[PDB]
Amino acid sequence: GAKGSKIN
Amino acid sequence: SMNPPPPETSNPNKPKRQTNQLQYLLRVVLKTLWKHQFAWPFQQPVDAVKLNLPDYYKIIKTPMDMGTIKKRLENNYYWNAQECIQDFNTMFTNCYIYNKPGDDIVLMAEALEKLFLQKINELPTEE
């Protein structure tokens, strides 16, 4: 979302 | 906005203490969450400039992160376990206030929070 994609 | 100053991690006027439960909070609880694969977004204050989140610090007025918590524990900043527990809860609540369900950061927070709550259920005796 606002912070974007983070999970590999 | 620019980022605010981070939360203090020491205060020469605030009484310091070590307790059984604070030692557990550092050596079991924080340790376990810190090494988790989903810890990294929570290991330092939210950098709303780098993430381009102009409204972060308009929405979140009590920022908290595990880097701050770690340093507070290492510095014997807290007087009791409840202060520390409250900071962890603030960190998670902020994430859920700012971010939307199903965002990666929220999935990450949820996983860390479940682990946190199991460790808190397991808090040792106060003395």
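Residues numbered from 1 in each chain as written, not as in the entry; some residues may be left out. Chains lettered and ligands numbered in written order. Heavy atoms only, no water. Residues with missing side-chain atoms left out of burial classes, pairs and counts.

For this deposited structure, the header cites X-ray crystallography as the method used and 1.2500 Å as the resolution.

**Student:** Any details on the overall build of chain B? Residues and values, ideally.
**Tutor:** Along chain B, the regular secondary structure elements total 5 helices and 0 strands. Scanning chain B from its N terminus toward the C terminus, one meets helices and strands in the order α-α-α-α-α. Computed over C-alpha atoms, the radius of gyration of chain B comes to 15 Å, within 12% of the 14 Å expected from 2.2 N^0.38 for 127 residues, which places it in the range of a compact globule. Expressed along its principal axes, the backbone C-alpha trace of chain B runs to roughly 45 × 35 × 20 Å. Looking at chain B alone, contacts between residues at least 24 apart form 76% of all its contacts between residues at least 6 apart. (Helix = DSSP H or I, 4+ residues; strand = E, 2+ residues; numbered from the N terminus. Rg over C-alpha atoms; globule rule 2.2 N^0.38 Å. Contact = heavy atoms within 4.5 Å.)

**Student:** Summarise the interface of chain B and chain A; cite the residues concerned and give the values.
**Tutor:** In this complex, chain B contributes 13 residues to the contact, which on the side of chain A involves 7 residues. Between the two partners, chain B and chain A, sit 0 salt bridges. At the junction of chain B and chain A, the tally comes to 2 residue pairs in polar contact. With 4 residues, helix α5 (residues 104-121) of chain B is the single largest residue contributor to the side of chain B that touches chain A. (Salt bridge = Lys/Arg side-chain N within 4 Å of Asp/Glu carboxyl O. Polar contact = N/O pair within 3.5 Å; in protein donor to acceptor, adjacent residues only side chain to side chain.)

**Student:** Account for the packing of aromatic side chains, naming residues and giving values.
**Tutor:** Residues and elements named next belong to chain B. For the structure shown, the criterion picks out 5 aromatic pairs over all chains. Measuring from centroid to centroid gives 4.8 Å for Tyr56 and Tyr57, while their planes differ by 85 degrees, and the two rings are edge-to-face. Residue classification places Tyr56 among the buried positions, given a relative accessible area of 4%. Among the aromatic residues, those joined into a cluster by ring pairs are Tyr56, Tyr57 and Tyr98. Taking the ring centre of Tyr77 as reference, the NZ or CZ of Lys14 above it sits at 4.6 Å. (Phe/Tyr/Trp six-rings, centres within 6.5 Å; stacked < 30°, edge-to-face > 60°. Buried < 20%, exposed > 50% of the residue type's maximum accessible area, 1.4 Å probe, protein only. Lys NZ or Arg CZ within 6 Å of the ring centre and 35° of its normal.)

**Student:** Can you tell me about the side chain of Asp103 of chain B, naming the residues and giving the values?
**Tutor:** Residue and element names in this part refer to chain B. Position of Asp103 among the secondary structure elements: in the loop between α4 (81-98) and α5. Although buried, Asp103 forms no salt bridge, and the nearest oppositely charged side chain, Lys100, lies 6.4 Å from it. At 2.9 Å, the side chain of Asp103 and the backbone nitrogen of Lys100 are in polar contact. (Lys, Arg positive; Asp, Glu negative; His and termini not counted.)

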